[PDB]
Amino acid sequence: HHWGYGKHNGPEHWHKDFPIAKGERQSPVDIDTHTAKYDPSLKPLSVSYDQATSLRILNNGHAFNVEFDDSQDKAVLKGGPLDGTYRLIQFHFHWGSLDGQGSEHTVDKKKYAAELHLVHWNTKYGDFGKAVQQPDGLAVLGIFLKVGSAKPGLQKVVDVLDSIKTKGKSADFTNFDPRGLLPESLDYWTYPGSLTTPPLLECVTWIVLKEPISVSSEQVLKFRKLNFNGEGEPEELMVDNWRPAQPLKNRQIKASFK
């Protein structure tokens, strides 16, 4: 009976194995746009993905991960609220069964159809596993998806999903450029939080972009054809793999923009 997004093993159950689920800096959160304060002091955000080296795509039974070579400073995130250099290790998404839900963060209680998480680790801790034990170990760049026009830079991802339908399947996924998943503006909100999946470690600086990307209904339909189950098991569509908003507690959300 391991964790997931079903009635019996979903977010409201996670605290029994992962008591930090009820902690002081859990994610996601609702971003109240009127309460978030412009912080002039946030340096520029620097997204340097020109040398990114993607390797593989994996269905992990919860989402799919696009994995990168993080054994050198190739694809890095710096600036904004961050001290030092954060290396891109993977990206993944969370999405809904319907276009009216799927994001983890919300904006004035609005749910987007999906949310992209670009996951980076602080190089001062040497490896990802050491980084997640630190309060400043990770920086996750979160990007909302709305349904409208297709995202050209997403299609290579969409077209490989048939080959990783079930849990534990992977495929080679070289030469994929994550710059094709960014919106025009890098205006953002930031706050200290957590992983949104078990083990729910309180190690993340969240950087949530204001501007959503547009994807087509055909693109998100292909996400919803993935499976949570393994091969030769009853089909469970991979949908609604999002944690709802958690209490803000003693946190302030800062805006990079006036």
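In this text, residue numbers run from 1 along the sequence as written. Definition used throughout: the rigid core is the maximal C-alpha set that superposes within 1.5 Å between two forms.
Novice: 40-48 versus 218-226: which one's CA atoms end up farther from this form in 8 other deposited structures of this protein after a core fit?
Specialist: With the rigid core fitted, 40-48 is the stretch that strays more in 8 other deposited structures of this protein.
Novice: Taking the recorded C-alpha temperature factors, which stretch has the higher mean, 210-218 or 191-199?
Specialist: Looking at the record's C-alpha B-factors, the answer is 210-218.
Novice: Mind pulling up the entry and telling me whether 161-169 or 129-137 has the higher mean Cα temperature factor?
Specialist: Looking at the record's C-alpha B-factors, the answer is 161-169.
Novice: Whose CA atom has the top B-factor in the entry, of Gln90, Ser97, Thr85, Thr106?
Specialist: In the PDB entry, the greatest C-alpha B-factor among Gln90, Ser97, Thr85, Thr106 is found at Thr85.
Novice: Of the choices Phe223, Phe228, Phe68, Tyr38, which one's C-alpha carries the largest B-factor in the record?
Specialist: Top of the list by C-alpha B-factor: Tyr38.
Novice: So where's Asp30 on the chain's Cα temperature factor ranking, which third?
Specialist: Answer is lowest: the recorded C-alpha B-factor places it there.
Novice: Can you tell me whether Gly142 has a C-alpha B-factor in the lowest, middle or highest third compared with the other modelled residues of the same chain?
Specialist: It falls in the bottom third of the chain.
Novice: Which third, lowest, middle or highest, does the CA B-factor of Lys74 fall in along this chain?
Specialist: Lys74: CA B-factor falls in the highest third of its chain.
Novice: What third of its chain, lowest, middle or highest, does the C-alpha temperature factor of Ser185 fall into?
Specialist: Middle third.
Novice: Quick check for you: using the entry's CA B-factors within this chain, is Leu154 in the lowest, middle or highest third?
Specialist: Within its chain, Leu154 is a middle-third residue by C-alpha B-factor, going by the deposited values.
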